[PDB]
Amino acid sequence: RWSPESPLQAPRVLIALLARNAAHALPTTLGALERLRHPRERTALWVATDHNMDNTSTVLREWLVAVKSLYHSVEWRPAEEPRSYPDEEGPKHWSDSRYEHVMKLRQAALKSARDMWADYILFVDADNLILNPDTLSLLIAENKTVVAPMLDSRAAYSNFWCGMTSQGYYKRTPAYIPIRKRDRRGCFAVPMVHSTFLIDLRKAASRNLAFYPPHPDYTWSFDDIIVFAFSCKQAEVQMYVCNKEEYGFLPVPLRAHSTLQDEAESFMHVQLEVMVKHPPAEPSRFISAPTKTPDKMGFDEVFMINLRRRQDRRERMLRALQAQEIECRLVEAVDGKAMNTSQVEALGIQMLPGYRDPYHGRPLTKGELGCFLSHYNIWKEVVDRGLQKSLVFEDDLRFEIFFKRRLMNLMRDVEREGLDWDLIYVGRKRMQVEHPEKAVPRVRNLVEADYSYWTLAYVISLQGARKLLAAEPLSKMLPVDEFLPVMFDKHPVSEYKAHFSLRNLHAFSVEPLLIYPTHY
């Protein structure tokens, strides 16, 4: 008699979470873990926290209490004191006692998974955002013994190495950039994975894996990730990294003598990078992130141009500026296409005689017309209200890490030197890259702006706002990203610089640039 067997229950996963100074990331990080599409009754939690300067253990304790009954089991190993290691130089310094402790901890979680008869153990670093709720299911689907999902960072850094040096050190290989950029998809054999990975405790070879102590043959640096990677070689366990689709994001590690504020702002940029192409990563419905209070970054006004019909560009920028604690005045963009020929003449608008597109040879467009009038209105607002220094934003731009501190420290450097400036580029397209642009003395990270090509973000002074308006550019209409290089006298074509007489604009540019385009 045939009788159908019911389905197998999902694999039994232990999620091991080591947390130190993670209160900045846990609301977003733990919310992502809650919403993993894996049955919570087939999931167990293992949490260890210690050496905390922030209220990391308090956030964890509240979250665990809220989700304890949903899971197969929960282990909780806090240690309030000491808040820092006796042999450390700072919270971001990986001393030997911190290496040893974290190794011992991962080993304890590994043993705990073995003792509770779990199929898999999943390590997730407290600052690792597992955005894809299917990541755990997808990693189980690969039937590997140690597999890791390639997480995206702001740079080439990711949670895997492509080469090793037979001494344990990092090593670039030609295949890293292809894997990193997902040009080659799949799962690849690599000598190193870290941060987040899945161990298959069904595999018999996993019984020989060990986070601590180092293997008896280990003769490398006292590094936690190196000790484990060497343990996979001895057990002949091939580590794999998969990039078949997007899984999550992670911040790039900081230097030893960095600070907790660096780390909190570093993870905030991760949230920004997510919001470039995704909705904002939501927090847990049981953890609440602290309320932020913004400012104008010491400016007289921070503008943001936006066309009302581009509603999704508006919400994205407001979420990004809010997350960076930056306040803006929304300026309605001049819809250049909605202006008939009569309203164009009503403002004395005439294209510059003989203008041709640098890459197609076309006259000025209605889009570039409405774009020039948008910046033209802001220049009018600057002169009317007498704002001495203002920052101007557009609606499609991504922010660099530590954007707020980095620009504010330039503005306190430009001010302390009494620089006679009109236009400071926060984001442009540098067109003169043969010889380097002349650096501005006594003001670090600032150069004299040569021929640029964009107006994504810039600082303008009241002096510069009058200079632009006094050149009456409405009758000599030229796209705004070319009219500015005409005003500081670095435009390549001289048939354009001839129509404008006085071109005494003091233009500078932040170096490196603090803002880039979204879709480049």
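A residue's number is simply how far along the shown sequence it sits, counting from 1.
Got a sec? Mean C-alpha B-factor, which is higher, 233 to 241 or 291 to 299? According to the entry, 291 to 299 carries the higher average C-alpha B-factor.
Comparing 403 to 411 with 246 to 254, which has the greater mean CA B-factor as deposited? The entry gives the higher C-alpha B-factor average to 403 to 411.
Using the entry's values, work out which of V59, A48, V493, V65 has the largest Cα B factor. That would be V493, according to the entry.
Can you tell me which of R12, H24, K497, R20 has the maximum CA B-factor listed in the PDB entry? Highest C-alpha B-factor among the listed options: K497.
Determine, from the deposited record, the chain-internal third of the Cα B-factor for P280: lowest, middle or highest. According to the entry, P280 has a C-alpha B-factor in the chain's lowest third.
Going by the recorded CA B-factors, say which third of the chain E482 sits in, lowest, middle or highest. For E482, the deposited C-alpha B-factor lands in the highest third.
Per the entry's values, where does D127 land by CA temperature factor relative to the rest of its chain, in the lowest, middle or highest third? For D127, the deposited C-alpha B-factor lands in the lowest third.
Hey, what third does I199 fall into on Cα B-factor, ranked over its chain? For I199, whose C-alpha B-factor we compare with every modelled residue in the chain, the answer is the lowest third.
Modelled-residue ranking by C-alpha temperature factor, third containing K104: Its C-alpha B-factor, which the entry lists for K104, ranks in the lowest third among residues of this chain.
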